[PDB]
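As structure tokens, one chain now follows by itself in the form deposited in one PDB entry.
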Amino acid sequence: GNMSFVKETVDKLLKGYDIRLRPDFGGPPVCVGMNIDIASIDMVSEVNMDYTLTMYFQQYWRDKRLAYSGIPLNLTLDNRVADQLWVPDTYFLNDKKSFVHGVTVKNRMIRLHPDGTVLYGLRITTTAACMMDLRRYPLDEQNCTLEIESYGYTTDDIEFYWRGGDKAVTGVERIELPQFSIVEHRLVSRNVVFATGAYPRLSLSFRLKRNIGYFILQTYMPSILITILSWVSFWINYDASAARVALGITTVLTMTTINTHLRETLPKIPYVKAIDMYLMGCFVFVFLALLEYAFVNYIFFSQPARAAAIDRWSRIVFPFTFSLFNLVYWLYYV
């Protein structure tokens, strides 16, 4: 309760305190416990292969140089005192753009304990790279990880562990991804050996399952219906050259128009995906449907009996082949 007495204690601790030396320098490595309180996942971008994450990053360790006695209450110092202490050189291995919020003040917390324990919390919005195998898009399951490592110190100087076991990372249930749904998150602690030596490593991975309801209604359904309309020409009198030619080519034109516009809406990733195969697969059927009439029209004059046979056979072969195409497609990717 005595502010002057507390002020003297803090100045005494900081007097002779060297920030360039880790706790227990030259001795056993300092154990650091880390908890993450995830606030939200802002976006998951397939074009940039990254996801934006906002979280409360806390580090828990003990520094004997900061131990104080006589004050039972835990000291909650101002965030500006963190520049005068020693903090682990924790950094994220796969981040691309990370920053600490500073409104109204820097979102930073320093809390001291009588036994020298230090609690250090940060609110960080980081963009972590996540390579995606989008061959089975949009029926794919992604695994995006956040890697935590010490930049300068080795395992002999510092050790990382998840404070709380599997309960170290919270707030996953509150994440609301419009496109994905979180299935499972895992916590991994391991040591990685590099050229300069072993380093502590902490990993936070998510397995994301993409929602398919939007793509079925917006992408797959229009393509199927246009393919169905291409079969209308089969149930048309062969003498109506204008009707079947116009119907066949317009369906090809309609298929191209939807296919080109979807690509612009879809991510700009330049490699073959599951949706691209299906759309080009349907484009073959409308291409074959128009070619079917050309063969019928050419031989209609010479062999009218055979021409009608091809027209009625196409009424079964095309729906049967298309169903087999869907059966192969919807089992290979599911």
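Throughout, rigid core stands for the largest set of C-alpha atoms superposing within 1.5 Å between the two forms. Counting begins at 1, following the sequence as shown.
The discussion below concerns the form deposited in another entry, not included here.
Peer 1: After superposing on the rigid core, which residue among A67, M49, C31, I269 shows a C-alpha displacement of 2 Å or more between this form and the one not shown?
Peer 2: Spelled out, the residue whose C-alpha shifts by 2 Å or more is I269.
Peer 1: Compare the position of the CA of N143 between this form and the one not shown after a rigid core fit and state whether the shift reaches 2 Å.
Peer 2: Comparing the forms between this form and the one not shown, which are aligned on their rigid core, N143 does not shift its C-alpha by 2 Å or more.
Peer 1: Comparing between this form and the one not shown on the rigid core, is the C-alpha shift at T256 2 Å or larger?
Peer 2: It does, since the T256 C-alpha is displaced 2 Å or more between this form and the one not shown after the core fit.
Peer 1: Using a rigid core alignment, state whether the CA of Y17 is displaced by 2 Å or more between this form and the one not shown.
Peer 2: Not so; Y17 is displaced by less than 2 Å.
Peer 1: At a change of 3 Å or more, would you call the C-alpha separation of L266 and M49 in the other entry closer or farther than in the form supplied?
Peer 2: Nearer in the other entry, by 3 Å or more.
Peer 1: Quick one: in the other entry, is the Cα gap between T265 and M49 smaller or bigger than here? Answer closer or farther; it shifts by 3 Å or more.
Peer 2: Closer: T265 and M49 approach by 3 Å or more in the other entry.
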